[PDB]
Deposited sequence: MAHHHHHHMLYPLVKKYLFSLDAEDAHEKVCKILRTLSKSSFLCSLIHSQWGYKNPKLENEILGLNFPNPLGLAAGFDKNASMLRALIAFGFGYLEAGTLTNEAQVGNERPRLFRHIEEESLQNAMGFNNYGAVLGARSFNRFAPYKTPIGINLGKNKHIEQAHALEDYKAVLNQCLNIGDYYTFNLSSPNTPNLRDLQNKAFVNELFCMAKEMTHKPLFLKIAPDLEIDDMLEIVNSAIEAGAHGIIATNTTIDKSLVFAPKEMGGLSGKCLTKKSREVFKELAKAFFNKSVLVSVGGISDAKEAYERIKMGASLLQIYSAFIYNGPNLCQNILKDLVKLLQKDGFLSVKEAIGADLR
């Protein structure tokens, strides 16, 4: 039972626990049989959840958010737990340690996390090797690209070019983890290097007008989709000072929802919208889809719910579609 695994893991430092889980996931990824075994217990397939988006086949709309598999080394095991797709990364051009530890904290009663990890990854060269070790994969795989911490904001566009150039032969889409005057050149540069879908991922703490400016520049430069949101630093909760990083999980549900309503209001008919932040159950996921989200992502609820996360949410989602009159998730994406 996962409750016993959680009691053990939650008694450990949160990053230590994550590394013990990554070690097991990397080991399981070596065995396609054990992955097919995992999928038979925790997978869930339903044609009502299938969609084709930007040339790509998503068998369900529920993806694993970036930051869980930063180095593209356990994708096969994670797919076996039922996600419709995975986003690996954030990957940087060169390896990078990230911020000083401790940098991950749990707020267990609130089913939330707080992190200031800062792009710890082994670099794109190794990340492409690790992707290739077990490729091809049974779902789409996104590659989340970032800028190395030291790369000066002058030759910073040239850093997104180097990491994207190193990842050109892996993955099915790219996410850029993000000034309105720079987003146009980023996606213009990127459009000339690959034909694969391009997404902008935004924080949830932008002023709405400032948010509409940034996003609109991205679309007009050729961005194909917007991912909202990353973690928040607005909720000044007493038990989570700001020096411990951004909040994820259920403490993010409300602001992520609010940000996404505004995003959809301005951009639903002009871009693919992906909702992230504090999705833990099928009702919330179904609300995001009805608000305008073609796809979803989860990080924190995977910690708190465990391997049954996907089939729980997806089974319930099917019943919501059927208790609403939709023959598939494609009809539900409407206002």
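Query raised in the report: Missing C-alpha stretches, by deposited numbering?
Result: Comparing the full sequence with the modelled residues, the uncovered ranges come out as 1 to 9, 188 to 199, 357 to 359.
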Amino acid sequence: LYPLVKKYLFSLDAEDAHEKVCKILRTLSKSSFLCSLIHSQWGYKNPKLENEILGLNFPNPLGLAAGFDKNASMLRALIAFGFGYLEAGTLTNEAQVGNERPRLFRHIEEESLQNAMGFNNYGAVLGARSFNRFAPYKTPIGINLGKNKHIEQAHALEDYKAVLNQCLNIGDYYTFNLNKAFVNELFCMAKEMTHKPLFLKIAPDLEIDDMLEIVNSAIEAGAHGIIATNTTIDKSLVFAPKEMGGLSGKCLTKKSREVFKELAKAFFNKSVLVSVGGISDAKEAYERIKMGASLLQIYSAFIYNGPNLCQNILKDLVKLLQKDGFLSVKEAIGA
From here on, numbers count along this sequence of modelled residues.
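Report task. Could you check which stretch, 324 to 332 or 1 to 9, carries the larger mean CA temperature factor in the entry? Result -> Comparing 324 to 332 with 1 to 9, the higher mean C-alpha B-factor belongs to 324 to 332.
Query raised in the report: Which is higher on average in the deposited entry, the C-alpha temperature factors of 40 to 48 or of 284 to 292?
Result: Going by the record's values, the stretch with the higher mean is 40 to 48.
Query - Deposited CA B-factor, highest of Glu110, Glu87, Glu192, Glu262 - result: Spelled out: the listed residue with the top C-alpha B-factor is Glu192.
**Report entry** Largest Cα B-factor, entry values, listed residues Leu145, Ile226, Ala240, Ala80
**Finding:** Across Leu145, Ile226, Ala240, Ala80, the entry lists the biggest C-alpha B-factor for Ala240.
Query raised in the report: Lowest, middle or highest third of the chain for the C-alpha temperature factor of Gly245?
Result: Middle third, going by the recorded CA B-factors of the chain.
Requested in this report: Tell me, lowest, middle or highest third: where does the Cα B factor of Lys23 rank within its chain?
Outcome: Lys23: CA B-factor falls in the middle third of its chain.
Query raised in the report: Taking the C-alpha B-factors as the PDB entry records them, is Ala72 in the lowest, middle or highest third of its chain?
Result: For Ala72, whose C-alpha B-factor we compare with every modelled residue in the chain, the answer is the lowest third.
Report task. Can you work out whether the C-alpha temperature factor of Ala162 puts it in the lowest, middle or highest third of the chain? Result -> Top third by C-alpha B-factor.
Query - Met117, C-alpha B-factor rank within chain (lowest, middle or highest third) - result: It belongs to the middle third of the chain when residues are ordered by C-alpha B-factor.
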